[PDB]
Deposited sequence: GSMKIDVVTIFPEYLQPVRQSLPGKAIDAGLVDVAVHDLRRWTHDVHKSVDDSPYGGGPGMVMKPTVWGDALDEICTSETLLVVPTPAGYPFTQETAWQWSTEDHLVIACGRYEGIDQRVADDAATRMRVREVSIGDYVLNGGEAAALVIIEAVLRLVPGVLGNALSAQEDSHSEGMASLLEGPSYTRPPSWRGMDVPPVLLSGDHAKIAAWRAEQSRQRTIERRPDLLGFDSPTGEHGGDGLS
């Protein structure tokens, strides 16, 4: 069993984790996902979680005090603290495999212009911390990234179940005048394997030449 805790100021945005495979993994008892409202750990009546950045700049930074209290309660020395951020190390398939064997993930979701760096620095004195980016784009908050990470990891957990995959087809064999590639209907496993390997390598050079060690 894995435990995943997600900490966020928008707990309602994490509801989709109840759908499809994360939902089915939860129902199978393979994982427990708990979502926590960061404002639970505030003490002012304003429940303030942010303030202006030292040194200037646009926007607001999440305060370390509130985060520290939340993580103190939720984390242990065995926790893997995951902090989604566009400035993170890349989260990849390899990362997903690695984290799939973890006992406890805590995902700290930032909003505004990010979380005071001392939160991660303080946590790293007690536990393993991983600041990660899920791709080359910016979001308003870490919540959607948390959903991506949870899905990519949970589908790899024992008991739940390079190159680009080429096109796939199913019935009927002809549709709107478009035919399924005849080799796929031929029953020749060697020819199908070869055609699929070729399609995979062809799609990869077109869409992801970087995966084969080429420019762009």
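Ranges of the deposited sequence (numbered from 1) for which no C-alpha atom is modelled | No C-alpha coordinates exist for 1, 163-178, 234-244.
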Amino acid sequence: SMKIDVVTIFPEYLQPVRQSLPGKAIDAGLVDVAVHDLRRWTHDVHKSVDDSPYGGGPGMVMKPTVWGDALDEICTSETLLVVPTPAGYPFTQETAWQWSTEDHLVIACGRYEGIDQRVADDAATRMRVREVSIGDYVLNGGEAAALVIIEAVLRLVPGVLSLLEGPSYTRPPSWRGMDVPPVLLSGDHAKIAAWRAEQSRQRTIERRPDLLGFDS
From here on, numbers count along this sequence of modelled residues.
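The term rigid core refers to the most C-alpha atoms you can superpose between the two forms while keeping them within 1.5 Å.
If you line up the core and then measure how far each C-alpha sits from this form in 9 other deposited structures of this protein, which stretch comes out higher, 151-159 or 63-71?
-> After superposing on the rigid core, the more displaced stretch in 9 other deposited structures of this protein is 151-159.
On a core superposition, give the stretch, 109-117 or 88-96, with the larger average C-alpha separation from this form in 9 other deposited structures of this protein (RMS over structures and residues).
-> If we average over structures and residues in 9 other deposited structures of this protein, the farther stretch is 109-117.
Answer yes if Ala25 is missing coordinates in at least a third of the other compared entries, and no if every one of them models it.
-> Yes, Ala25 lacks coordinates in at least a third of the other compared entries that model both of its neighbours.
44-52 versus 145-153 - which carries the larger mean C-alpha B factor in the record | Going by the record's values, the stretch with the higher mean is 44-52.
Comparing 177-185 with 25-33, which stretch shows the greater average C-alpha B-factor in the deposited entry?
-> On average, C-alpha B-factors are higher across 25-33.
Among modelled residues of the same chain, the CA temperature factor third for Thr65 = For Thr65, whose C-alpha B-factor we compare with every modelled residue in the chain, the answer is the middle third.
Please rank the C-alpha B-factors of the chain's modelled residues and tell me whether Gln93 sits in the lowest, middle or highest third.
-> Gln93: CA B-factor falls in the lowest third of its chain.
Split the chain's modelled residues into thirds by Cα B-factor; is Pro158 in the lowest, middle or highest one?
-> Ranked within chain, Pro158 CA B lands in the highest tercile.
Modelled-residue ranking by C-alpha temperature factor, third containing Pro58 | Within its chain, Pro58 is a highest-third residue by C-alpha B-factor, going by the deposited values.
In terms of the CA temperature factor given in the entry, to which third of its chain does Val7 belong: lowest, middle or highest?
-> Bottom third by C-alpha B-factor.
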